[PDB]
Structure formats: structure tokens, C-alpha cells
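[1] quick one: experimental structure and sequence below.
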Protein chains: 2
Amino acid sequence: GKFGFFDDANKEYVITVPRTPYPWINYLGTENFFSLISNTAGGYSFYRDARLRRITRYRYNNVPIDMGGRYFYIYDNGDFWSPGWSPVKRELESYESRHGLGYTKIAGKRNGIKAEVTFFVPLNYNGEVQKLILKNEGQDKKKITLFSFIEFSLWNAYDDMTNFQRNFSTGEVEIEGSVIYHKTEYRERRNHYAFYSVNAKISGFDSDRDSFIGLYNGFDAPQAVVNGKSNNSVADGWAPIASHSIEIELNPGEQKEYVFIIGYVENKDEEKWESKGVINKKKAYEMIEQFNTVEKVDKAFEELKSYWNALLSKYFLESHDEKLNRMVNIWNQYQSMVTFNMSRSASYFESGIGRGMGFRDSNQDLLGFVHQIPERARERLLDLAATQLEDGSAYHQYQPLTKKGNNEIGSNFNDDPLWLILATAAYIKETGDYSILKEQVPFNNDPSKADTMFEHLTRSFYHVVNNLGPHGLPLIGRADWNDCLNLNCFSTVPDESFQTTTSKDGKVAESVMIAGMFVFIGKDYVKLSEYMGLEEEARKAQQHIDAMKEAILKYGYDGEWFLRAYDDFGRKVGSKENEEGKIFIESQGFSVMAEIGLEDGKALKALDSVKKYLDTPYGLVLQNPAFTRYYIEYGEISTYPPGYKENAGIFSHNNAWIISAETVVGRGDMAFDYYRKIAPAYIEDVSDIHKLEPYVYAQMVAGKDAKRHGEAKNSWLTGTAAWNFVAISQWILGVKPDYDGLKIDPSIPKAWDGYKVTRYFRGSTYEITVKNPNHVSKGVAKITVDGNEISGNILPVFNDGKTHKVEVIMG
Amino acid sequence: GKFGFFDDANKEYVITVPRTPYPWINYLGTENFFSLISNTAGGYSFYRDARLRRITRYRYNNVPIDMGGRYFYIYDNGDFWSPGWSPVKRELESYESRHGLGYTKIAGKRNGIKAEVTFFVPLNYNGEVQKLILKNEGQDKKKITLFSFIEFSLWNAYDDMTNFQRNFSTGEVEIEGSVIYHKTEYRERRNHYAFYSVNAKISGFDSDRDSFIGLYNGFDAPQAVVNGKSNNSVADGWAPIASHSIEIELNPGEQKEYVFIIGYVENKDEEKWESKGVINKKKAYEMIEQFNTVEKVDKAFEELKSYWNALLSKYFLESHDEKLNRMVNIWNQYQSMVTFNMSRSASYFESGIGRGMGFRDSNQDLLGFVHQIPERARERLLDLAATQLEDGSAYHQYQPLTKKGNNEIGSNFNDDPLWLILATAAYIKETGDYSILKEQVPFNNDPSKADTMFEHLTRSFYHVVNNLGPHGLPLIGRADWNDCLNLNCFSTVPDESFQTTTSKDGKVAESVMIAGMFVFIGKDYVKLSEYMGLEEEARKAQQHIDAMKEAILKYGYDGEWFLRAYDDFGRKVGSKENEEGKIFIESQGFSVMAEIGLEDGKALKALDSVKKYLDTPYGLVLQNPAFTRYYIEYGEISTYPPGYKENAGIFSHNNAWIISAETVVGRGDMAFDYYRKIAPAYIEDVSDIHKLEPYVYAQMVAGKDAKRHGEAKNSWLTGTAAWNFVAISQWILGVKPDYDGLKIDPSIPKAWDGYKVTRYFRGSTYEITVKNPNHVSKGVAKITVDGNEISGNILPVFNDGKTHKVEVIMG
């Protein structure tokens, strides 16, 4: 089942039918103004905050789905339709949608009239620009009417959808020329407003929803569009909208162009009013003048294309697999950048009312986008470290808008501090900029408590050391990376949070996953300690790492796989002795990546067990068997039906760790098979089963215990893109940043003959051609740089702005 | 503009067209199970808590409006329609709706097939019963299919509408026989579930929304109904629904009857499962068996009718005005009882996410419903007093479910304590039960700090005494009765509450309206103090009352009307020297009711000024002139556009106080004109302007400064019903409870010849016939009880369960 195809030359996904299994969306905007747009032009826009600065209204889980957005109505002699096929849903002669990099194109034809709309947010612009082209492809002269419609939001989304008893009397608009300004609460405390404008003379307008649509009518047939005439209504409370109407006369073969702008303006309090009750429109006038011709719009479109091309140019792959090429070169990096820009705020599954993203998620995304925006990565790392508490713990939720931690949610997720060390090590390996270690960083956003970045890393490292359990393993606390494994909750009451409610003291339950992560990250911590000249501190850290490794080998191995945890009773979690959940996935990847059990066959046994018990054609499930009842001692994980979410669902986020672990043991075929089972481009042929966007990763896919096995949920906003890109580009393809430079260590399927990677690293360009004449999976026989043989597998650092040819021969 | 009529014999409002200016709703349920149902069968149900126990999903501010509810689809040979005309919106041969007392009837006919559905909640039943009658009124044999449909909610409205990450993977149902059980999260921590059942064999079912309706289809054309066949889908996450389908063959003149039940079941934790994964259904079986025949449904319907008739029988009026009779005998008392049952939880303007009602709101509602349910009023008074703090202050928000105050919202609304004294005095005057004063009542819900009820009243009285301002007037605090008059806020940043954020110490701003309330209620406080044998305390209280009266006369009168307040700068609010807001309405009614200025003409001057400046054909506005800009020193009141809400809107709640004040000065014509301008039955002829329900009061009507002058907002849930009933039944008609018994003191229009009131008072029935041979407005010339002339205007108390004839001659 296919609903479109990939256009690699244009870097687009082309949707050919409007009835996709689910509405497939795209993101517009780079810095402050952001838009979500579906393939039928549904969605909404906001300014830096989907919770507090929502511009347009969107209804989630609506009947019918995805109703509301930038709606264009073509009215022709009684008939009317929409180029996106929605909301009118009248059959079109042709329909097409294209999701590109920061822009969306929607084309529709009916009765010989074709409408093409391009939506995008220009760089350094607080608005969404929509270029509309109307073409008469018939043989007769035509007289039509064009309607443009958006529905405004009342800024505060929660108040917009709950507080009608006040906000039904606050909606205010202004209409001037071809611009409709939304200025609700501008009269009292808001210095900002929105506007909807078109660059042509209009025949009519509408600003009241009830007048344009009708109380008992839907979006599919507004009364004004049915009548073919605007009502010129002025909104007074209730629901403000913005609708233009233009009467257009088209000769056969003639076309017309229009530019619509959804803009946001912030005024200063001293220049708020042109006169009494009249808002100041100078900034809006400048914004409208900026894009009043098609040529300016095209120039901005080319600038956005160049910006996005520059963002993706630092890692380029040339191989025999076009699906792999399109994943690595375009869509994975695009998703990583979009995730950085959007955090976890708004999607079609995130309602946009959240207050921030996870601290560990913010640290993990950096691993994915560090090679594209190193300076912003450095700034984000410093901002994340500034929120750390004095004891080394971290706030669970980070708020990028205010750069502060969430005090209500709290702390005591005992895996959070190590992600900061991992992200800092990744940044240093990418850039070589050790100076970030000497930066003075406040603790808990307090300048008086400021210390170095390395002090933050040291406190993060020793938070685990000072919080060990009876077996010598780290105390899990409220939760580890798995937020649904709550071993201290013991909840019996509904509406009680599994993550912030604890009934146990948290002094017994341990985590093997945190132990593996500690061993994996302590290597980087010891290296950074050695760089700073602290040899004794490095020795003590190594001693603690060795102790944790011995603890894992003694109490963390079940016999054929690594144990998952210990509960508050001291009982094993993830053991063959358990009735359900005999094996988990989280404790195998980090244990093998930490090189535990490599010489005695324990890692190989664990990976074989993972293959035997967790493998499905759609990926690897979280644990097996699934929990068939509620377990009070485990928390939220057992509250799901089997095969869904953390109850034996498929998270490709932790599939990436298994991929890396398979590369560690030298099995590149298994690693690539696991990568292929979850990569979007390889599953586009089963889109109807996947049901979600075939060009980006989703958070969860229903597992083998579910009836909807293979169906995805929570797409477009997850840390999966970063980890999967790291696994494919560094662990399988073997181009790994390292403290001394670029390391080459591929772990590939042995049937491959070779490939090429062009990598921008530390101010230079490396063109690395990997060849596999003897058809091995791992091991480098020879490396030649600029025609000269080198020693080892670390490429020299040039920093000269040139291109250097590297030849790698496996063997 | 009329959209229906009144049926006084059946105590109903009959809506004859489905397209009312707004959806008009009714409430079902008395104790625990509650339902909101519109005239097209839209709405939803819940169990005691619209926030935490919502059973069915409803979307507010939807396009089209009022989509979702108990939807019945009649499918006939390809055609399909709905008896409520919604959501199909196909033209019907006939449509009718009837809103009664606790029940709603909807009848619709198409193609010779008639469907009549009665919705009601039986007494002592945790479910909504819908009786459906299908009649073939054509001349041909017919074969049709009947579809039922409801959409389930996931028990938590906020989580249901914001948390999709989770909730899209939790929906679970069971299907057994003709019953569909909704059991989301029953497997982990919920001991309750819902069900939808029909008392006949079904031909098919549907429980998944995407299978019954389709992803891109709306409620107006579900795909299963379009195909005329059920899909037998089993819900697995996403959106659970419930739908039966029955194939029915009807001969000409033949009719069939069905009973549908939306039920709620709570199981014990020890008895939750019939077997592994199978819920226990014994309670559901008993509930379904209770109403499996039409005869049982009819018996329960008659029982509900008898219950509602008994509730309304304690005050009966016989006059020449049928509109007045219908307002007083049926609809005002019905609204008072519904307001008591529902608090301020759920309406079509209240989203149902609130956590309680106002403390003063409950105290004021008690004045309205005390004569119908004295014992429940006593219990509510004790519960309200139990939340009072030790210093005499009260929590602003009361939560009737937990009987606790809202700590987050807080206190410092300095008018709240006096309402408790007023409500207690009203209860004692109604019942004569002084024993409530001797009850031991906790302070702040602490049994260790318990004292008498009279101690609570004393602390409430002395909270005002100990919080006076520089002029001797009470300090307003956060706000008085007007919650939008915030004189200590001075807010500049948006999204921060005007009511809970204060930038001022609150030691300057005073309130004249609180002073008037204090003088008005101190009379009852002094009477209660005299009853308890505390003469010195009564004398001290009288001294404080006299001091407040002198303070009002010296600093509270502007020259022709009473001042409103003083701000933090010490400047007059509601003064002729102000540019806007020269006069307010709140400070006149309570000042005149407190009998201030009766002898020097100040009260008459104030009432004449109110008539001159605040009077509109749709009622009296709050203040004049309206505020045309934001005033940082006044708070939220100036944040509204002119003529809306507290910015010069019409609140009939405070119109009732002006009505009572007009009765005080002996002008019954003005009082009745003011009452008529706002009474629903008198405005039913301008329904299109009113736009809201013509049978219940609304909170706000747009004032003369608004373009929508005469349009209502926030209907069905307000304290207006209680105060307006008190004003009409006690102040105008003159039947007033008092400490020694029933007092007769009418204040009526001079043209009236007389009337009759049958009043149930203190265990007896009084049949009072008032005659006005000399055509006066106020003053009683003679009172005769059982043929014997009495002295004074207080009727003797019999308490013998008999009827006594009273003749009142005015003069």
C-alpha cells in the first residue's frame, strides 16, 4: 500500500491521494514563527509557544479528522471546491501534495481551474507566506470567486478551549484595506497582534465565524461560499476569523498570482496605538510590503532552500542503496533539525499544552544535530548544565523557552545526569573544542553557585556513585530512561501520576540499565578528566567504573541475558524466573556497548536471546512476554494493553542501541537488518499498515502481542531520529568523531562492495571511499590519506578548508 | 421571533424548529448521574464529576455547533435521517422537542416513519434511560434499520482532550449480547465502567469510531449508516464508541418500542473480575433488568414527575398574569433546584473542568432553594461553615464533592463571610430551627478547632469589623461581590490572574457595597445574638452597625447616588467627578435595602439616578459610562469591550437587588417593571435577540454600549434564579419568612386588584388572598386569619398540617 513516492532530486515527499491512512504533516519555520501543515492544508501556527502564543485554532481528535487550517475555496458558477480537497471533499480532476524542507505545496484541479498553493515561513520573518497561483486550463472564459479562510486562536490555548464564559466576550478584530487584524486583549495587557493579508484588492471580507460559516454548517459548506458572496461581517466576541474574497476573471490559458500572509506583530508599550482604539500598523505594513510580489517570494524561497541545503551538506553518502541514501542524506538530518527547532511542543499527537521537553531528550537530540549546528549545540549544552542542581541531579523537564527546569515535576530520575556527560563528550569529539570545559556555569540558575562545566560533569558522575543500592547497582529512583518503570510508586488510585508519586523510600530498587550507561559513559568521563590534568581523579573514576562492571557481572546477568532491575522487594526484574517480562531490551544494548561480556560470550548470548525473544518483522519489542495484568510494583508499564507503548511495544529509540551493540560484536548484517526493519524509507511499501508519515520516524510501533501489530503512534517528535542517525552513520558506516579526530571503523554487511562518505569535520572535508574486496563485516586492513599510508584508524586533522581523499580497504 | 411555546399543563417548553438561535439544553439527574441534553439530543453525561468521571465525549465551540450526543439513525432503503434533525440535517416532515422537569422528548418524522425518544435519569439510578418508539404512519409495509450511537470519554476530560500519547493506546471495550461495556483503565486502577445497552436482540454492533464513521466522515454521514449495515468492530485504542443496529419490519400502523440505557457501574476491588480479563457484570445485569420493559420505564417516569411536582408545591401563585404564574410556579423554582444539584460544573458555557463553585454562590443559592429542601439546606450550611478559617475568612471556591475549600485559589475576598450569616438567617426564618446555632462546627475542616455555628457567625461578622479602611469602610481586598473590581492588582503582564495576583498591600482600597451588605446583615446578626442571650454582644454589634451607617452617610454618598469604592490611591470610584464609571449599580441596592437614606430622600435620589443612567429596555447596566480603555488600577472590569460582562453589561443578579430596593421605597410599579424587563417568560417574544434559552435566566445580557445589545451569555448556571425568585416572591408579592413566622408586606403595582398565594410554611399551609380595593402600592390595612382579625403583619405558626385561609386587605 503506497500513497505517494519520494522525489530525491527536489528533496520532497509527493502524496498523490488526499485520503492517506492518517493526515501526514510537515513543519514550517526555523527560529520563532512555527507552523504545522497537513497534506490537506490543515494545522495551525504559533509564535515560539504553542501554549501561550497560538495564532490559529486547531481541534485535536476531531470528527472528521483534521478540520481547520488555511482553507481556500474556489467558487465557480454555483460549484465550489478546495485545492487540498479539504474541507469541501468534492472530487478533483487532479490532486497533489509535496512535503519539502520547510515548505509544503498543494495543487488541485477542478472544472478546468487549477490552484497551486505554496506555504512556507521565510527566514527572519514572523509570518507564514502562502503563494497562490490560479490557472484557467479550459477552453472558455471563466468568472470565479476565491475565498481565503483562517480561524483565529485566543493566544492562550488552554484558556481558548476551556474559559468560554469569559472569552466569548473578548474577541476583537480590525479590518483595513486587504488586511484583517486579530487584536484580542490588545486593549488591556497584550502588546502583540496577528493579521491575515493579501497583496491584491479584495471584493469582500469576513471576520465573524457565524456569519461566514453559519451556526449549523461545517467547514465543508460555509454559507458565504455557498452563496458566492462575502458578508463583510465584523467580529464582536464569539469566534474571530479572517476571510478574504476576490472576484477573478480568467481567459483561457491565463493565470493569476496572489500572496497571502499570516503575520505576527509585537509592538512596544509606548507605540501601541496610532490613535484612540486604533492599533499601530507600521510593522505590519513593512511585513506586508516585504512580500507583495511573486519575485520577492521566490527569492525568499530560494534562500530557504539554500539554508536547508547547507544544513544537510556535512554528511553525504554515496552507496548502491537509494533508500539508504535518501534516509542518510535528507530525511534523518531534516528530522533531527526539526526536532531541535520544535522540542516536544506541538504535533498531531502532542496537543501543544506542555511546558517543555525532557532533560535527557534534550541531551540525546544533540548527538543527532551536533554535526550540523556546533555553536548552537554548545549554547544548548551550557544552558542545560545551568539548570543542574548542586548535588548533581537534574530537573526531569527542561523548558527551552525560559532555559529553566520544571520545579513542579521535580527530580530523582537517576539516569538524567549521565546524558549531560554523554552530550558534552559528543560535542567535544565533534568540534575538538575543549574550552567548553572551562566555562563558568551556574548551578540551579544561580550565578553565585557557578563553577566550571567539568565540575558539572564531575557532580553528574558522582551522583551515581553516591546513590548505589544493596547489590552495588545504581538506585533507579522514580524512573530510569524508561519513564513507565516505576518501582517506588505502588499506586492504587486513578488520576495519580506514576512518575511523581512515590510510596517507597527508594533505597532498594536498582537499575541495570543505569549501570550499563554509567560504564559506557565513564570512559568519556575518564578521558575528559585526563585532559584536565587530574590523574588521581581519573584513577578513582576508573576504580568506580571497574566496581560497577564487576557488580553487573555478578548481579546483573541472568544466565543468558542481562537482568533489567530489582524492585523494592529485592526481586529480579527481567529474569527467566519471572512469569512475564522474562527479558527486557534496555539492559542489553548499553551493557554490550559498554563492552561487558565481550570475551566470555555473554554479550553474544544476550544478543542471541534478544533476537530469539524480542524480534518481530516490524522491530524489537520492549520486553517478552507482555504483562497481561496490572503489576502494582512495576508502575505504569503494566497499565497498557499488551503490545502497546511500554507494554511490549516497539521503540526504535532503543532499537538503535541494539543496532550499535550488534556492530560492537562485529555482526554488521544483523545491525543492518535491524536498521532496515524500522527505517522509514524501507517501510514506505507498507504505509497502510504503518498508517503514519513514511518519511519520518515514529516513537512507537505496535508489537507482536497487539492486534494492530505494525501500526505507529506519536510521529514527528521523538529522540529516535538522533540515535538512529548516530547508529547508521557512526556505528555501521564507521565514520566516528573522536577526541583526536575522525576514526574509521565500519561494521557493514559483508556482501557490500563499498561506499563513499563525504564528511565535513573540524574545518576540512574528507572524501572517504570504503572498499571491501575480501567481503568482511568488520576490520580495517589499510587506510591511505592523500596518497600516503597512515598508522591506526584516526584521520589527521587539517583545519585548512580543503578536501582530502581517504581510501579505506577492509580486511 | 419565537421558536416555540410554553406548555403549562405539562410543565414543558416545546421547541418547534430545530434551528434555534443557539442550542437550548436541559439537565437530567437528581443525585449522582447527570446529563446535559440539547434540543437535538446533543450533550453528554457524567457521574458526580464532569471533570473526573465524564462518561461521554462532547466538544465545546465546535464547527458545526453541538455535534455529538445520543444519536439515532433511521435507515430506510438508502435514505437515512435522525429524529432530532441532527447530525444528519435532512428535512423532516415534522420535528418537535420538549424540555420538561428532568426529562427531554424529541420526535421526528420522515417518509412516513416517526421516531419519538424520551430521555431521563430515573431516581436512585446510575444511568440515563432513553425510550424509543418507532411508528409506521404510511400505507405500505416497511423494512428499516435503527442505529444507536454514543461516543465514550476516557473518564478525565482534561486528559481526554490533551494527552493523546497515552490515550490513544488505552481504550478498551467488551461486547456481550446487546450490551457494549466501556472499560478503559479498568485493568489497572479503575473499579468503575460504563455500558450502553438495548433491551432487544441486535442485528449488529460497532465500538470503534473509525469503523462506524470513517476517518474523513463526520457525524452527518457515518459510513456504516450510509451502507445500512454494522461493521461489528471491536475497539482497540483510538476512540471507543457504542452503537447498536436493529433490523425492524413494520406493518402500516404498527409500532415498536425499545429501551436504551447508558449506565455507570462501580465494583468493589475484591469483586472486579468474573474471570481473567472479563469484568464482573452482575450490577449491570440488575440495572438492565430494572428497565427492560416499557411499563417499568413509565412507572419510573411517573415517579420522577411526582418528585418534581412535590418539589415545586410549597409556593403556588394564582394571579391574572399567566407569564408571572409560569415564572413563579414552575421555571424559577426548577432552575433553583437544578442550580443546587449542578453547582457551577457543566453547561454549554462552562466546560466542566472546574473544581468547584463560589462560597458566596452557594450561600446565595440557599436563599433560593431553602423553602423546597430545608434539611439539605441545613446540611449545606453546616458543610459551608466547616470550611471557614479561624480568623473568620472563607475560601473563595467551595468544592461540594469533597466539602472542602480550594487552597490554591485562597481567600481575601472580603465580602464572602457575610453571605454565611445571610444564608443562616434565611434558613432560620424559613424553618424556625434555632438549634443549628448550637451545632459544633469545625474550623478549616479541623475537628480539634470546632466551635458553635453562632461562633462562626460571630467571627464572620467581626472579620469586617477588624478590616476597616481609612474612611471607616470595609477593605475590599482582592474583590467584593464583583470579582472583576480588583483594586490591589495593578497587573501589566498577560496570562496572570486578576483575582489571585496582588501587587498592593490592601490597606487603602475600600468598598461601599461591602459596607451596605454589612449594615443589611447586621440586623439579622443582632437578632441572632439576642436569641442566644448575649445582650452585651448585641449592643456592641449594634454600635458597629451604627458606626458603619454613619461612615456610609459621610464618605459613601456622592451627592445624588452612593459611591462605589475607593482605590489604592484613595480616589473615589463611582463618582460624578470621574470621567467614566460615574455611577455603579452594586452600591445602590444594598444601601437602600439597608434602609440608609429613607428619611432624607437619599435612597430615592439614588434610585432615580439608577433609572436615569443605568436603565435599558433589556435591564440595568453595571456602570455608566462604560470604560473605553484599560485602567490598571481597576483590574479586570476594564479589560472587556464596552457593554460586555462587567464592563457595563446587564447582570440580572444585581437587578434583583434594585428590584428589592424599589420595593423598600414603596414603588411597586418600578419594581415590577424591572422584574419584567429580565424575566425569561416576558422576553420569549424576542428570543432571536436573546438567542439563549427562553425558560431560564442567563448570567449576562449585553448592555447598551454593545452592538449586540440584548444578547445573553452564560445561561442555566448562575445565582440569578435564587435572588430573582426571592425578589418576586418575598419583596413584591410580600410573603416573607421571619423569625416569628410569616410576614405579609406586599409592594405591588397599583393597578393590580389582588392575587392569591398558597404557601407551605413550618408544617402548615397558608392560603393568602390579597385584595387591593383602593389601588395602593404598599401598606396593609387588615389581615384576617381563619375568620378572625389579627394584630400586626406576622401570621401565627400552627404546625398542624392543615390549611388556613388568610385575607389581606391593602390600604
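    Perfect, thanks for sending it. Residues are numbered from 1 along each chain as shown, chains lettered A, B, ... in the order given.

[2] please make it C-alpha for all contacts and neighbour counts, starting now.
    Fine.

[3] need the helices for the stretch 601-750 of chain A, in chain order.
    With DSSP state H, counting those that start in this stretch as the criterion, the stretch 601-750 of chain A has helices at A:602-614, A:652-664, A:668-678, A:680-683, A:687-690, A:720-726.

[4] contacts only, for the closest residue to residue A:631 other than its chain neighbours.
    Of all residues not flanking residue A:631 in the chain, residue A:638 sits nearest, at 5.9 Å (Cα to Cα, 6 or more residues apart in numbering or on different chains). Residue A:638 sits next to A:627, A:628, A:629, A:630, A:631, A:646, A:647, B:188 when contact means Cα atoms under 8 Å, 6 or more residues apart in numbering or on different chains.

[5] which among the residues you listed count as buried?
    A:627, A:628, A:629, A:630, A:646, A:647, B:188 (16 or more other Cα atoms under 10 Å in any protein chain shown).

[6] what is the burial count for the nearest residue to the fifth one once chain neighbours are set aside?
    Same thing as residue A:646. Leaving aside its sequence neighbours, residue A:646 sits nearest to residue A:637 (Cα to Cα, 6+ apart; 5.4 Å). Residues contacting residue A:637 under the criterion other Cα atoms under 10 Å in any protein chain shown number 24.

[7] next one: residue A:766
    Using other Cα under 10 Å, residue A:766 is surrounded by 21 other residues.

[8] for residue A:259, same thing?
    For residue A:259, using other Cα under 10 Å, the count is 21.

[9] who's it bridged to?
    On the basis of DSSP bridges, residue A:259 is bridged to residue A:131.

[10] state the distance from it to residue A:610.
    Per Cα to Cα, to the nearest Å, residue A:259 is found 55 Å from residue A:610.

[11] then residue A:290?
    Relative to residue A:610, and taking Cα to Cα, residue A:290 is found at 58 Å.

[12] ok, residue A:405 next?
    Going from residue A:405 to residue A:610 by Cα to Cα gives 37 Å.

[13] quick one: contacts for the residue in the stretch 501-650 of chain A positioned nearest to chain B?
    Among all residues of the stretch 501-650 of chain A, residue A:630 sits closest to chain B, at 5.0 Å; criterion: Cα to the nearest Cα. For residue A:630, the contacting residues are A:638, A:639, B:187, B:188, by Cα under 8 Å, 6+ apart.

[14] quickly list the domain ranges of chain A.
    Per automatic domain parsing, the domain ranges recorded for chain A read A:4-309, A:351-408+A:420-466, A:468-649, A:733-810.

[15] in JSON lines, list those domains along with distance to residue B:769.
    Shown next, in JSON lines, are the domains of chain A (distance: least, Cα to Cα, whole Å):
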{"stretch": "domain A:4-309", "distance to residue B:769": "43"}
{"stretch": "domain A:351-408+A:420-466", "distance to residue B:769": "62"}
{"stretch": "domain A:468-649", "distance to residue B:769": "58"}
{"stretch": "domain A:733-810", "distance to residue B:769": "99"}
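
[16] closest to residue B:345 out of those domains?
    Nearest to residue B:345 among those is domain A:4-309 (12.1 Å), distances taken as Cα to Cα.

[17] farthest residue from the center of chain A?
    Residue farthest from the centre of chain A, counting by Cα atoms, centre = their mean, is residue A:140 at 48.1 Å.

[18] that one: what secondary structure?
    Secondary structure, DSSP: H, G, I helix; E, B strand; the rest coil: residue A:140 is coil.

[19] quick one, what contacts the nearest residue to it once chain neighbours are set aside?
    In this structure, residue A:140 finds its nearest non-sequential neighbour in residue A:252, 5.7 Å apart by Cα to Cα, 6+ apart. Applying Cα under 8 Å, 6+ apart to residue A:252 gives the contacts A:136, A:137, A:138, A:139, A:140, A:141, A:142.

[20] repeat that for 10 Å
    Residues in contact with residue A:252, defined by Cα atoms under 10 Å, 6 or more residues apart in numbering or on different chains, are A:112, A:113, A:135, A:136, A:137, A:138, A:139, A:140, A:141, A:142.

[21] any chance of these in a markdown table, with distance to residue A:773 too?
    As requested, the contacts of residue A:252 are exported to a markdown table (distance: Cα to Cα, whole Å):
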| residue | distance to residue A:773 |
| --- | --- |
| A:112 | 58 |
| A:113 | 58 |
| A:135 | 57 |
| A:136 | 59 |
| A:137 | 57 |
| A:138 | 60 |
| A:139 | 63 |
| A:140 | 66 |
| A:141 | 67 |
| A:142 | 66 |
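
[22] closest to residue B:560 out of those?
    Distances from residue B:560 to these, taken by Cα to Cα, are shortest for residue A:142, at 69.0 Å.

[23] please name the bridge partners of that closest one.
    Going by DSSP bridges, residue A:142 forms beta bridges with residue A:250.

[24] in this structure it contacts residue A:77, no?
    Yes: assessed by Cα atoms under 10 Å, residue A:142 is found in contact with residue A:77 at 9.1 Å.

[25] which one of those two is surrounded by more residues?
    Taking other Cα under 10 Å, residue A:142 and residue A:77 do not tie; residue A:142 has more neighbours (17 against 11).

[26] if we can go back for a sec, farthest-separated two in the contacts of residue A:630?
    Taking Cα to Cα as the measure, those have their most distant pair in A:638 and B:187, spaced 9.2 Å apart.

[27] what do the two both touch?
    What both residue A:638 and residue B:187 touch, as defined by Cα under 10 Å, 6+ apart, is the set A:628, A:629, A:630.

[28] for those residues, which one is nearest residue A:780?
    Nearest member of the shared contacts of residue A:638 and residue B:187 to residue A:780, counting by Cα to Cα, is residue A:628, at 47.8 Å.
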